[PDB]
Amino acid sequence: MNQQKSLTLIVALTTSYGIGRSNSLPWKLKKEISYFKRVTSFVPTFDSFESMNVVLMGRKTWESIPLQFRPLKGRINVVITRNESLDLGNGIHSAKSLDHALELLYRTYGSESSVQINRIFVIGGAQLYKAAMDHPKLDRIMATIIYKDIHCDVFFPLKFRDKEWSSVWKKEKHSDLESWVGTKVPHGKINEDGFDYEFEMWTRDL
């Protein structure tokens, strides 16, 4: 009703959990951002017909997206904003919280809609990530680990890859990362512009 479906978080972070610098992400990875795009927009061939995915983001991340690239295409965009100062858009929603956002979609994309909702992704930032991390429906984290201690001023709020969260969060086999993303993806380290990174999938039991 409020939330029927599971939520998925997607992030690119350093080994120190740094995610941004100056209202921007501190690196330029074309193949990396390409991955974000195919994950956040992939719906099965048959479900391909009606279905669109949803990306939920906090106000600042909204602003941090290149003007040329937003709203993020082929996805339903929703910005979480308490203030709701300006909630502009030609078909893009606003919502007071994560729960409010879930209910607006269920309401907007019910049976009286052509286009049905497939998967829901939280794309950040840190404040929205903190809220998702405490949501009873978030069970999966699509993370990109960047093996470089790049200077950041914003951090991922929970050390899910640390020993203290190891009985809760588990890293999945690559084979099931590829099955969930539905495309094959590069295994192990990837080098692009001097940075080494890797794709991972973590899951927790609800």
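We call the rigid core whatever largest set of C-alpha positions still superposes within 1.5 Å between the two forms. Position 1 is the first residue in the sequence shown; the rest follow in order.
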query: Greatest C-alpha divergence in 7 other deposited structures of this protein once each structure is fitted on the rigid core, 39-47 or 52-60; finding: 39-47
query: RMS CA shift, core-fitted in 7 other deposited structures of this protein, bigger for 112-120 or for 99-107; finding: 112-120
query: Given 123-131 and 80-88, the range whose Cα B-factors average higher in the PDB entry; finding: 80-88
query: Which of 103-111 and 70-78 has higher mean CA B factor, as the PDB entry lists it; finding: 103-111
query: Residue with maximal Cα B-factor (values as given in the PDB entry) among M201, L206, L7, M1; finding: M1
query: Residue with highest C-alpha B-factor in the PDB entry, from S64, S48, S167, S175; finding: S48
query: Chain-relative CA temperature factor third for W180; finding: middle
query: Third of the chain's Cα B-factor distribution that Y147 belongs to, per the entry; finding: middle
query: Within-chain third of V39 by Cα B-factor, per the entry; finding: middle
query: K159 CA temperature factor, ranked by third within the chain; finding: lowest
query: Cα B factor band for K28 (lowest, middle or highest third within the chain); finding: highest
